[PDB]
There are 2 protein chains.
Amino acid sequence: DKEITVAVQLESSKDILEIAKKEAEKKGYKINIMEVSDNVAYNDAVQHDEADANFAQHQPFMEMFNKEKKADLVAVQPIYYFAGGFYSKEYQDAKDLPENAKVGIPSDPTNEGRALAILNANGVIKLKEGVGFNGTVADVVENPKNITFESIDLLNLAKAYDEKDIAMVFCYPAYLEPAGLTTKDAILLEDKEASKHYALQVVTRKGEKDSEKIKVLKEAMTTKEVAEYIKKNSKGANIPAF
Amino acid sequence: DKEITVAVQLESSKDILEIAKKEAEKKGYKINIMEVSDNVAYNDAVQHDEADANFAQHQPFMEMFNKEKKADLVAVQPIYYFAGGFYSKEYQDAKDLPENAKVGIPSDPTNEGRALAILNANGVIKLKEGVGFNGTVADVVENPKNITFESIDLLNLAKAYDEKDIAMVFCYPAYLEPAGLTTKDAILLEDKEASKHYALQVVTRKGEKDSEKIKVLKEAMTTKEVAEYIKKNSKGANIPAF
Ligand code: NA
Ligand code: NA
Ligand SMILES: [Zn+2]
Ligand SMILES: [Zn+2]
Ligand SMILES: [Zn+2]
Ligand SMILES: [Zn+2]
Ligand SMILES: [Zn+2]
Ligand SMILES: [Zn+2]
Ligand SMILES: [Zn+2]
Ligand SMILES: [Zn+2]
Ligand SMILES: [Zn+2]
Ligand SMILES: [Zn+2]
């Protein structure tokens, strides 16, 4: 078989895969792009051999699926990353935050940990020893300003920037446009090594990781043409991980 | 203070609370309805004293929030319940399912357990001893037909009914309309005691559960007028739990 079914969720992932599909066809392979509209479907597909791979998540998100489903997905190639950050409409820096400030963070566990790791790295709070990227609010062990962490859906974080009683909010570069911002406006920015931890990955089953199909897929997704697209199409926000 | 802030997500919950708001006003209380658009916000609000109560979830869903946040929410009054069920476009009953059938179940843990409990109760599969309503696919210990469980977003379950390679799918009565069905068409229907386990509840903080505000709220949400609305507005699908 010379067909490679890759499941994706975002239009951006589909568009990246369309570039790869051009290249793979020159090597005798047909990439079929399976489009899905929720964050489980692309993993279900690969788990059940309904897709050969997916391009939709970072490794930490994948590992949550494996643990829940006792599945065997592996990340085989990082493609791009971006910088999480905190944004404050009224304050210049994190030292200025008011006592009992409310701070907006993502409501889902993976992104909560990502946001809290940035605060921990910057001394805003201290997390319990060793929790790393898996911290939750309950792991806060020092909170000098008595910050209240407001758990906010990813989709509502940009709006929370303008909310009067929210001192600062976590956001991703994709969501900064309507609010009039870039990562240049961030008062705390995720360091590059942490962003690479969350790079979007090509994912497949463990047993398939060395197959010819996956080799062709990796090779077609890591060319100059893909790197240039990633940068251009994201307006500089997504950084190629190769 | 004579104001009661109740957070809700669904328009149906808001409409039920508007009836209650009429009654509470006659007892000297003003109910403020806080509308939210995701499944965390209503719990965050009550956790942080931003709302006095919420009306949006069942107790099992609430208990997941408590465990994650080390929070202290309690369910104080069930309001209505409905029957989960399985629906099959091509088969009359569950004994007829083909070998290696694909069966659609909800992709989120709480609803996965609810769906699997129905299969377990009806002998379609057997779950590991004692998992009750918290089963996952990994807890299946007997699977005579070698069913593959397709993990499908709640919003996509009704469509999966018409999917050629899906033998049967779990669905809720709210989602049956476009597909042309009622619970009468169910080939397996959740028993009443299990549906009551998942009754939508009035929820508050433990420390507030005996307060005058919560007493007035419970009383205003459990009248004849509310029961009739629940039944009429749902076209018979929601059954009052009082
Ligand atoms: Na607020
Ligand atoms: Na299918
Ligand atoms: Zn496009
Ligand atoms: Zn080439
Ligand atoms: Zn809050
Ligand atoms: Zn790492
Ligand atoms: Zn490189
Ligand atoms: Zn209405
Ligand atoms: Zn009365
Ligand atoms: Zn599947
Ligand atoms: Zn029960
Ligand atoms: Zn009664």
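Every chain is numbered from 1, with letters handed out A, B, ... down the list of sequences. Below, each value reflects all heavy atoms present in this structure, side chains not excepted, and no hydrogens, waters or symmetry copies.
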Q. Should B/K209 and B/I214 be marked as a side chain to side chain contact (heavy atoms under 4.5 Å, CB included) after you check the CA-CA gap, both sets of side-chain angles, and the distance that decides it?
A. CA-CA 6 Å; B/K209 76 193 210 310; B/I214 296 311; 5.6 Å; no

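- Judged purely by atom type and a 3.5 angstrom limit, A/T222 uses its side chain to pair as donor or acceptor with the backbone of A/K218.
- Taking each heavy atom of A/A220 and A/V226 in turn, the nearest pair found is O-CG2, 3.6 Å.
- Among residues at least two apart or in separate chains, side chain to side chain donor-acceptor pair (under 3.5 Å) pairs with a member in residues 55-66 of chain A are A/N43-A/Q57, A/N54-A/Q57, A/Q59-A/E63.
- Contact of the B/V140 side chain with the B/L127 side chain is registered, since non-hydrogen atoms from C-beta on lie closer than 4.5 Å.
- For residues 108-134 of chain A, the ring pair (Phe, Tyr, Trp, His ring centres under 6.0 Å) pairs, not counting sequence neighbours, are A/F133-A/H197, A/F133-A/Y198.
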Q: Under the salt bridge (charged side-chain N to carboxylate O under 4.0 Å, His left out) rule, what do A/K14 and A/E18 come out as? Steps first, then yes or no, please.
A: CA-CA 6 Å; A/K14 177 181 190 297; A/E18 293 281 8; 2.7 Å; yes

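- Side-chain atoms of A/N238 never come within 3.5 Å of backbone atoms of A/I230 as a donor-acceptor pair (strictly under, hydrogens ignored).
- A/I33 places a side-chain heavy atom less than 4.5 Å from the side chain of A/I31.
- Between A/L119 and A/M168 the shortest heavy-atom distance is CD2-CE, 3.7 Å.
- A donor-acceptor pair is defined here as one N or O able to donate and one able to accept, closer than 3.5 Å; no such pair exists between the side chain of A/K235 and the backbone of A/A174.
- The heavy-atom pair separating A/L17 from A/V6 by the smallest distance is CD1-CG1, 3.3 Å.
- When side chains are defined from C-beta on, A/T182 does not count as touching A/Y87, because their heavy atoms never get closer than 4.5 Å.
- By the ring-ring contact (aromatic ring centres under 6.0 Å, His included) test, B/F170 is found to be paired with B/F86, B/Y172, residues two or more places apart in sequence or in another chain being considered.
- Here the closest non-hydrogen pair linking B/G104 and B/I152 is CA-CD1, 3.8 Å.
- From A/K231, atom NZ reaches atom CG of A/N233 across 13.0 Å, with rounding to the nearest 0.5 Å.
- Summarising the geometry, atom CG belonging to A/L97 is positioned 5.5 Å from atom CD1 belonging to A/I187; distances are rounded to the nearest 0.5 Å.
- You'll find the side chain of A/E219 stays beyond 4.5 Å of the side chain of A/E23, heavy atoms only.
- The main-chain N or O of A/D52 is never found under 3.5 Å from a side-chain atom of A/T5 such that the two would form a donor-acceptor pair.
- Side-chain contact between B/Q47 and B/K69: present, with at least one pair of heavy atoms (C-beta onward) separated by less than 4.5 Å.
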Could you tabulate the donor-acceptor pairs under 3.5 Å formed by side-chain atoms of residues 72-84 of chain B, not counting sequence neighbours?
unit_1, atom_1, unit_2, atom_2, d
B/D72, OD1, B/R205, NE, 3.0
B/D72, OD2, B/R205, NH2, 3.2

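- Proximity of B/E150 to B/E163: side-chain heavy atoms (C-beta onward) are nowhere separated by under 4.5 Å.
- For A/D44 (side chain) and B/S151 (main-chain N/O), a donor-acceptor pair under 3.5 Å exists by modelled atom type.
- In this structure, CZ in B/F61 is found 14.0 Å from CD in B/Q201, a value given to the nearest 0.5 Å.
- Counting heavy atoms from C-beta outward, B/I147 and B/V124 have side chains that approach closer than 4.5 Å.
- Heavy-atom neighbours of B/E11 CD from other residues, nucleotides or ligands within 6.0 Å: above the threshold of 12.
- The two residues A/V137 and A/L116 make their nearest non-hydrogen contact at N-CD1, 3.6 Å.
- Distance check, rounded to the nearest 0.5 Å: CD of A/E228 to OG1 of A/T223 gives 10.0 Å.
- The line from CG of B/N156 to SG of B/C171 is 10.5 Å long, rounded to the nearest 0.5 Å.
- Residue pairs meeting the ring pair (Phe, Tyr, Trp, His ring centres under 6.0 Å) criterion with at least one partner in residues 137-160 of chain A, sequence neighbours excluded, are absent.
- Rounded to the nearest 0.5 Å, atoms CG (A/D96) and OG (A/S88) are 8.5 Å apart.
- A 4.5 Å side-chain heavy-atom check between A/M221 and A/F242 finds every atom pair outside the cut-off.
- Contact between A/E112 and A/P106 at its shortest, heavy atoms only, is CB-O, 3.6 Å.
- Each of A/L155, A/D153, A/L157 was scored for a side-chain contact (heavy atoms from CB on, under 4.5 Å) with A/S107, with one residue passing: A/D153.
- Sorted by first then second residue, the side chain to side chain donor-acceptor pair (under 3.5 Å) pairs that include residues 115-140 of chain A, not counting sequence neighbours, are A/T136-A/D139.
- Remark: A/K213 engages A/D1 in a salt bridge, criterion side-chain N to carboxylate O under 4.0 Å.
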